[PDB]
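Shown next, in structure tokens, is the structure this report addresses.
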Amino acid sequence: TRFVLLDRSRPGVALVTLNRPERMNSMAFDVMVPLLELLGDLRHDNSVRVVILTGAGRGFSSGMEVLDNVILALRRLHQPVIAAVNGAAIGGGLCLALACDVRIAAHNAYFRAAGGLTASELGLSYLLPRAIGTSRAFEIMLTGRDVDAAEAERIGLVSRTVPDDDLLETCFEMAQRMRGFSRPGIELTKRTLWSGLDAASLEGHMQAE
Amino acid sequence: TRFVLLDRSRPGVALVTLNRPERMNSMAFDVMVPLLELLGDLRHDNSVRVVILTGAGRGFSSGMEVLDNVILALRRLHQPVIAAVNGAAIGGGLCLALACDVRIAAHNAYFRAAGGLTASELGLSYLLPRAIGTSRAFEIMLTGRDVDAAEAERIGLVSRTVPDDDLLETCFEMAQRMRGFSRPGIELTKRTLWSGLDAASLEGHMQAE
Amino acid sequence: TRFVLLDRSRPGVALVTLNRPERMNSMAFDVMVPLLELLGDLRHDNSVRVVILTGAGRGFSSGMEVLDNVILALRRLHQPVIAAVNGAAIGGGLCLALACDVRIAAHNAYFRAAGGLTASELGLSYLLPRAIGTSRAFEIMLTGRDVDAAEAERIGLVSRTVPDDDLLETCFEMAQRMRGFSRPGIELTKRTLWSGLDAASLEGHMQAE
């Protein structure tokens, strides 16, 4: 009945579930705003070392902009965010997954860019070519085709694709491994990675303080 | 007898053929300048939704700079450009293909960087690592080796590799699919993609107007 | 007994061996400083066309910063540098390999990011996502897992993976091929490639002089 659920069962992990499976967790206002407030809170929760983000039901997400705020909130966390893509990641849903630090896909997952200049398409146009190279990003976005989970793994859109039944535990297993590193160590890795993408030059980035 | 041919057989599509098969469509002045003027015209033709670019004969192209003007003209089109790489794409020819939005290769195609600071090598050095990653771009350009069509598909230099006999119709099939999207929608996708490559940061790009 | 060895057996090639196999050629001060001085000398040696960099013993390298100076010295050479990754490339060792122009791996090799804001992690965070895309770079660096030589080749972290016994000769064969191009031609290719990575835009890069 809540639009975004939080699960703190596992030590050091916050499992966040987009919860309107009826509408394929479409990123309407009443989903993205509570998500934004939760992401803000999680930033200050030092018991949480890793965030796993997933969708209730059949889809991950079918996707006055709040998506850009959410994207930057994900990036602002000192915790790594693992997207557990359990089903359809479409438009804003694909962009949300690309805003996470790691993606793992269920066999059931597929990915589509879709949709008017939106935060979603701007985010996609920045992040997708940097994930999978310009050739594949360009034709996927220009044809608007579906990318299945096997292809997503092959081309490096996700890190791994696993049986639907194994998805969350794979993510929990990865989170558990990440817990073994120090909180400031992991944070620095995440921060250098995202700022490395924006860096003007190699030398400038190496001079970062 | 014309050095660049235009074919408007298929609705919404302009098939452009580099036509000096004798010299493997080498990007001499008398080819690139008519191509440049045609690309300028196509920009204003609202009957054309998609451009397919290919070479006459055995090669795609064997490649006071006009290549840079052509590169920027391709990019300036609101229409997606599909390179139908039917054979040898060498030097300026590879750079021309990389300046298109999507590449499809015939079984017959192969790719080589070749050649004096040229627009070709500058364009390549920017575009190839962004297409296929720095490791592969660097050694392909530093060894100057041939890359066959099967490898090109594997590493994401092209989106697909198909039988020689099926090349153009695969491209027409993709163009036909792209026609289904609105003209301003497709345009925005192409524009965000190319400007995304040049963007200084994620956040700056998301603030684009 | 020297910490960095130079081998000029093969014409046009300088084979540089990191020589403290006892400590897995860890990039301590007494290794990196002589390497830095050697890289400086090699820059002025016009008999040397290609540099091959490798490690003595079982590892490539297990890795007040001098690593950043070494990184920029490698990049400053007009000669291509081929990393012959003969074993463990860990932390600064992986970053060193990523600072070379081409990587070839022995069957024996594996790669790990490891480690406090260091030149190593900054260099990695810039170079790894540009080599293999953000999805794989991010999870490899955030999980700190080992990447074996077969995977490294598959994802384009290295150009090729070969039997341990064949590693150096594969590199010598590639160097021999690179020798066939002119010294200023090869130099320009290397320079456009590295500056292309830092370029602000396609058009700006094409206007380079």
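All Cβ positions, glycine included, derive from the backbone under ideal geometry; neighbour counts span all protein chains shown. Every number in this text was worked out from the coordinates using simple rules, so none of it is lab data.
Computed quantities for the displayed model
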| item | result |
| --- | --- |
| Where trypsin sites (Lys or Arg not before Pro) fall in DSSP loop in region B:148-209, at most 13 other Cβ within 10 Å | none |
| Residue exposure sequence - C:151, B:173, C:22, A:139 - by fewest surrounding Cβ within 10 Å | C:22, B:173, C:151, A:139 |
| Copy-to-copy label separations for residue B:107, where each label sits 7 Å from Cα toward Cβ, in nm and ascending | 3.4, 3.4 |
| Label point distance in nm, residue A:182-residue A:10, each placed 7 Å from Cα along Cα→Cβ | 2.5 |
| Peptide C:200-209, shielding by other chains (average Cβ, 10 Å cutoff) | 6 |
| C from B by rotation - nearest chain B beta carbon to the axis, in Å | B:133, 4 |
| For chain A: rounded, prolate or oblate by the Cα gyration tensor [a/c cutoff 1.5] | rounded |
| Antiparallel DSSP beta bridges within the protein assembly as shown, as percent of all bridges there, nearest 5 | 20 |
| Cα gyration tensor shape of the protein assembly as shown, rounded if a/c is under 1.5, else prolate or oblate by comparing a/b with b/c | oblate |
| Copies compared at residue C:9 - label distances in nm, ascending, label defined 7 Å from Cα in the Cβ direction | 5.9, 5.9 |
| Rg and Dmax of region A:95-188, Cα atoms only, in Å | 14.7, 44 |
| Bridge type composition, chain B - antiparallel percent by DSSP, nearest 5 | 20 |
| Descending Cα extents along the principal axes, region A:18-92, whole Å | 33, 28, 16 |
| Förster radius 41 Å - calculated FRET efficiency between residue A:41 and residue C:22 (Cβ-Cβ, nearest 0.05) | 0.25 |
| DSSP beta bridges in region C:1-123 [antiparallel fraction, %, rounded to 5] | 20 |
| Footprinting exposure proxy for B:94, A:39 (fewest neighbouring C-beta atoms within 10 Å first) | A:39, B:94 |
| Unit charges on C-beta of K, R, D, E only; dipole of the protein assembly as shown, Debye | 20 |
| Burial ordering of B:181, C:29, fewest other beta-carbon atoms within 10 Å first | C:29, B:181 |
